Each structure stands twice: as C-alpha cells, then as structure tokens.
Amino acid sequence: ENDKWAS
Amino acid sequence: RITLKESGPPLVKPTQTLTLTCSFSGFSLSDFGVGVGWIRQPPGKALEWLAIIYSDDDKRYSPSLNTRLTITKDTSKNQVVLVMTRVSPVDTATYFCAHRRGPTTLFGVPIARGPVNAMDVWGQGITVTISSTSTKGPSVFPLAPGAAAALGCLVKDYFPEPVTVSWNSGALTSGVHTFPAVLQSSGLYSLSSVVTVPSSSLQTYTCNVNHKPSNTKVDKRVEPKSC
Amino acid sequence: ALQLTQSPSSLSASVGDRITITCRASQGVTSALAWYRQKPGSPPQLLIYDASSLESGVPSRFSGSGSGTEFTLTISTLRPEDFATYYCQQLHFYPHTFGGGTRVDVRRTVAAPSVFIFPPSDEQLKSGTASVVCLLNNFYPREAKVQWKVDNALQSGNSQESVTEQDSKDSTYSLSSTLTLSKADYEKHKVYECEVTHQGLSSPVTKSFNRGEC
C-alpha cells in the first residue's frame, strides 16, 4: 500500500 | 542530538523467540509523525527492511515476515521493541533500529513532507546469531601444498565466534590471509587461515589458534607432507 | 513487490574520481528515495533524502538527482572514506525497500588469482569428514567463480566460501572455498578439482589431485 506520507 | 542503541541476546536457538529493544534519546515517540523502524543485515548481505512504528501508533511490517513480527512502543521509556518468533538460522544478522523524521511543521502546521523520505539516524546495530550449538572448541587441521607456495590451517567446527589465529607466534604477517568464518548448516563455524611464501622458504610455519569461549589453544606446525 | 535495482553492483575507482551510482524502481516512487553510505563495521549513514536533498552535515561532494523510476547518486571527488558500499531506499510503498547495494573499492590493475587446492588431512579423515579447500590468492577485480568437480561431476550445495576485505597495500582480494563430504563419499571418488573463472585468466584454470595417489 502507500507509505504514511504518500498521496 | 539523536542517538539510538539496540540491545537483546547475541545468541538465540532455532524455534525460539527473539526480543530486541531500541532505546533512544533526542526525540520522543510522542513527537508529531515521528517513526522508529528496524532493518537487518545478514553477514555479507544487503539491508532488509523489517518494520516501523509511528508516534500515532500505526504499525507496518515486511510482508515476508509479517506472521513472526510484533513491533511495539513504550513512549515513557523511550523504547521500541521488536519481537520475532520462531527464529531459524537464516535470521542470523546484524539488527539496526533507526529514526524517521515526521513532516516539518510551522506554528504546528505541517508544511514539508520531504524530510520523512529517509531513515536519518541509525543505531550501531546488534549482532544476533541463531544456532542450536553449545560452546565448542575447533579441531585444527593442516592445509599443505609468482612461484609462491601456500599453506595454512583449517579451523573447524567451533562455536561461538570469535577465534584468533596468528602465524609463528605473531612473527609471520606478510602473506597471511585469515578468512571470515562461515556458519555451517550444522550451526558451527569454520574458517581457514593461509599464508603464501617464496617457494624456497619451505623456515618453519606454525599457526597459533585460540578460541577463548571454550578455553582451547592449539599450535599446529604445518609442513610440505611426504614424511 | 516493488523492485529496486542498483547499478553497478560493484565499481572500482581512485581518490579524486567522479562516480555515479544509479537505482531504478519497478514502479514510480515519486521523490521518496534515500541514499546511504555504509562503511565496513558501521551502520548505514544518510547522505541524501527525498531524492535530492543534502542531509545536514553531509559533505557537498555528494549529490542526488532523479524522480519516478530512475535515480542517481554522484560523488564528484571521491575521498578515501568513500570506499564503501552504497544503498538506495524507497519510502513511497510498504515495504520500504532497499536496493542490493553497490560496493566501491580501490581500483588497481587486473591480477589473476594464484590458485591452490588442498586435500583433506589424514587427521580429519580419521574423524569421518573430508574437507577439500581451494584458495584463490591476491586477485582483482573481486568477482571470481569457483566450481568444484569430483570425477567430473559438477558439485552443488556442498561448499562454502568467504572473501577477505580489500588488502590495504595490494588492493587485491583472496578467496577460500571449502568442499565438504563424508569420509565415505570422499573415498568413493578420485579426481577432486577446483575450477576457477576470473577476468585476469584467459580461460578457466583448474587445480586438482587424485585421491590416495602417493
């Protein structure tokens, strides 16, 4: 999944 | 100044549970968006990401190790703990914990996320060996033969690391190569130490081997066989 | 999952050179990429974060550029402390992958290994095991391939090798490979061979012996 700080 | 340091057992047996603690100073796991992650490095191999935990308590794990890892934090003690269950020999590695910055804030307003893209401060790393072996001294065997000649000693089946080897009580140094030990599938280490000399010197050669852990010192004189 | 491939895996250079290491991702990671330098025995150290930002306290000769799927780290004037292994890390997708690393070592002229094969000692044989060791001494570059053959059968899964760190005077490496067999299996064969491939050797060199020949 997306990193904590990605869109 | 941010510093982190890993602690836990240096040795662990297969099927057992490994608990590693990261104690840090210079930041709080209650600071905004901060993270602490764990990365491991088997000897001679690449870095491998394991898990990370943030101050808002979100946790993420390597998919390959998900079932065996638990990461948790203890904010008031400034520690992050990683628990790995059912370890096996392939889990022998140096384990590092590391800090991850949270976004920069201005008057408590997040304005820059670029600083979260890196693990910026690392702990020295803690070496963990997974083996069912009990302490044991090495068996030492001879290794016997531009026009250089080679000979050495094979320091076999000992545990745990380290062992020290010198040649001629320390007087022979040029041409000496003591290789890093390999952990055999048996759970015991093995290493060779060799020395190259002018094919004429064949002068005497004796390797002095010492495995402190088992109180085993051995001096083995090696020569060009054939009686 | 997402793949991060570094190139080259190994690289030779001299103090003062300009080197550039590249890292390619299988899917775009935007600018969420970091570079690290790791010296032997130490933890990795952050050089560049967010693909191109210079980490505080890191010397200006280090530079990072790129975004999406292709990134590069360049060290403009290599210093002695830069002989080390470099890694890139992606932080856009979980898990936060690391590349395979690229080793940067002291360049020196190509040198083929001096190869030696050692039969197992009679002393070891009495304990029931047989170790055959092969030594590749003082060669360069680091990559070398050792293939054990017993009565012409290609061996696999029964050997282990280790390599010394680059010699500080020579700039060469040495490699030790151990073939291990039970005394029984050992006794069932005659020709024990260590085949070596290396850049400095026109063609593969083989060192061998016939067991029990006296």
Side-chain angles (χ1 to χ4, degrees), chain B residues 41 43-47 118 122 177 179-180, chain C residues 4-25 33-49 51-67 69-90 97-114 136-146 161-175 196-202:
Chain B
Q41 180 157 234
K45 297 221 183 81
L47 294 167
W122 293 59
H177 283 136
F179 302 82
Chain C
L4 271 187
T5 310
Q6 279 176 55
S7 298
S9 57
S10 178
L11 178 162
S12 43
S14 315
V15 173
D17 301 355
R18 175 170 264 78
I19 64 170
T20 70
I21 296 179
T22 123
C23 170
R24 165 252 174 193
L33 189 127
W35 291 94
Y36 306 86
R37 167 180 68 194
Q38 176 180 218
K39 310 179 195 187
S42 280
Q45 173 186 3
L46 176 54
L47 304 177
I48 301 297
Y49 69 91
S52 68
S53 305
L54 213 211
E55 169 77 346
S56 169
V58 167
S60 66
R61 53 177 185 287
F62 289 100
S63 172
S65 81
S67 73
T69 56
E70 188 143 293
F71 307 74
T72 67
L73 173 72
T74 124
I75 302 191
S76 62
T77 291
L78 211 73
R79 296 254 278 110
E81 42 280 286
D82 300 337
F83 283 117
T85 302
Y86 291 76
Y87 293 94
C88 51
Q89 188 196 13
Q90 170 280 308
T97 342
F98 285 92
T102 103
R103 170 200 292 292
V104 167
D105 73 6
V106 186
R107 159 159 272 149
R108 62 144 283 148
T109 61
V110 176
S114 308
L136 278 56
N137 196 247
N138 304 350
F139 56 91
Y140 190 93
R142 183 181 197 287
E143 34 280 357
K145 157 161 179 295
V146 169
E161 72 179 34
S162 68
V163 185
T164 50
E165 285 194 29
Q166 194 167 217
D167 184 273
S168 68
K169 188 163 212 69
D170 283 56
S171 294
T172 65
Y173 296 92
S174 291
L175 177 154
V196 173
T197 302
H198 183 276
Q199 188 178 182
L201 292 174
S202 140

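Chain letters run A, B, ... following the sequence lines, proteins first and then strands; every chain starts at 1. Reckoned from all heavy atoms, side chains included, excluding hydrogens, waters and symmetry mates.
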Practice item. Could you list the residues that satisfy ring pair (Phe, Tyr, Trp, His ring centres under 6.0 Å) with B:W122, not counting sequence neighbours? Key: B:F96, C:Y36

Review point. By side chain to side chain contact (heavy atoms under 4.5 Å, CB included), which residues pair with C:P8, not counting sequence neighbours?
Key: C:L11

Exercise for review: Measure the shortest side-chain to side-chain distance between C:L78 and C:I19 over non-hydrogen atoms and say whether it is less than 4.5 angstrom.
Suggested key: yes

Revision key, fill the gap. Closest heavy-atom pair, C:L54 versus C:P59, reported as atoms and distance to 0.1 Å, is CD2-O, 4.1 Å

Exercise for review: Taking side-chain hydrogen bond (donor to acceptor under 3.5 Å, both in side chains) as the test, write out the residues that go with C:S42, two or more places apart.
Suggested key: none

Check your understanding: Got a sec, which residues hit side chain to side chain contact (heavy atoms under 4.5 Å, CB included) with C:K145, two or more places apart in sequence or on another chain?
Key -> C:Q147, C:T197

Review point. Looking at side-chain heavy atoms only, is the closest gap between C:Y140 and C:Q166 below 4.5 Å?
Key: yes

Point to revise | Over 12 non-hydrogen atoms of neighbours within 6.0 angstrom of CD in C:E165 | key: no

Exercise for review: Consider only side-chain N and O atoms of C:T74 and C:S63, and report whether a donor and an acceptor are under 3.5 Å apart.
Suggested key: no

Check your understanding: Side chains of C:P113 and C:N137: closer than 4.5 Å at any heavy-atom pair?
Key -> no

Check your understanding: Would you find a donor on one side and an acceptor on the other, under 3.5 Å apart, between the side chain of C:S162 and the backbone of B:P180?
Key -> yes

Point to revise | side-chain hydrogen bond (donor to acceptor under 3.5 Å, both in side chains) assessment of C:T72 paired with C:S65 | key: CA-CA 6 Å; C:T72 67; C:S65 81; 3.0 Å; yes

Point to revise | salt bridge (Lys or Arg N to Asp or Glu O under 4.0 Å): pairs with one or both residues in residues 74-89 of chain C, sequence neighbours excluded | key: C:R37-C:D82, C:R61-C:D82, C:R79-C:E81

Practice item. Enter the distance from C:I48:CD1 to C:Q89:CD here, rounded to the nearest 0.5 Å. Key: 14.5 Å

Review point. Which residues satisfy the side-chain hydrogen bond (donor to acceptor under 3.5 Å, both in side chains) test with C:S114, sequence neighbours excluded?
Key: none

Revision key, fill the gap. Between C:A112 and C:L201, the two heavy atoms sitting closest are CB-CD2, 3.7 Å

Check your understanding: What distance separates C:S10 OG from C:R142 CZ, expressed to the nearest 0.5 Å?
Key -> 7.5 Å

Practice item. For C:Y173, check side-chain hydrogen bond (donor to acceptor under 3.5 Å, both in side chains) against everything at least two apart and list the hits. Key: C:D105

Study note, to complete from the structure: Contacts of C:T69 meeting side chain to side chain contact (heavy atoms under 4.5 Å, CB included) (sequence neighbours excluded), chain-then-number -> none

Check your understanding: Would one find more than 12 heavy atoms of other residues, nucleotides or ligands at under 6.0 Å from atom CZ of C:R107?
Key -> no

Practice item. Take C:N138 and C:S174, measure what side-chain contact (heavy atoms from CB on, under 4.5 Å) needs, and give me the verdict at the end. Key: CA-CA 5 Å; C:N138 304 350; C:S174 291; 3.3 Å; yes

Review point. Which residues pass the ring pair (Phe, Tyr, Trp, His ring centres under 6.0 Å) test with B:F179, sequence neighbours left out?
Key: none

Check your understanding: Looking only at heavy atoms, which two atoms of C:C23 and C:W35 are closest? And how far apart?
Key -> CB-CH2, 3.4 Å

Check your understanding: Atom CZ in C:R24, atom CZ in C:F71: separation rounded to 0.5 Å?
Key -> 12.0 Å

Exercise for review: Taking all heavy atoms of C:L4 and all of C:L33, pick out the closest pair and write down the distance.
Suggested key: CD2-CD1, 4.3 Å

Exercise for review: Just jot down the ring pair (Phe, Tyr, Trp, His ring centres under 6.0 Å) partners of C:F139, sequence neighbours excluded, or say none.
Suggested key: C:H198

Exercise for review: Begin with the C-alpha distance, continue with both residues' side-chain angles, and end with the deciding distance and a verdict on side-chain contact (heavy atoms from CB on, under 4.5 Å) for C:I21 and C:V104.
Suggested key: CA-CA 10 Å; C:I21 296 179; C:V104 167; 4.3 Å; yes

**Study point:** Gap separating the CD1 atom of C:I75 from the CG atom of C:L47, nearest 0.5 angstrom
**Key:** 7.5 Å

Review point. What residues form a side-chain hydrogen bond (donor to acceptor under 3.5 Å, both in side chains) with C:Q38, not counting sequence neighbours?
Key: B:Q41

Check your understanding: Residues in side chain to side chain contact (heavy atoms under 4.5 Å, CB included) with C:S67, at least two apart?
Key -> none

Review point. Which heavy atom in C:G16 sits nearest to a heavy atom in C:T77, and how many Å separate them?
Key: CA-CG2, 3.9 Å

Review point. Where is the tightest heavy-atom contact between C:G99 and B:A46, given as atom of each residue plus distance?
Key: O-CB, 4.2 Å

**Study point:** Side chain proximity check, C:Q6 to C:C88, heavy atoms < 4.5 angstrom
**Key:** yes

Review point. Taking the side chain from C:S12 and the backbone from C:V106, do they hold a donor-acceptor pair closer than 3.5 Å?
Key: no

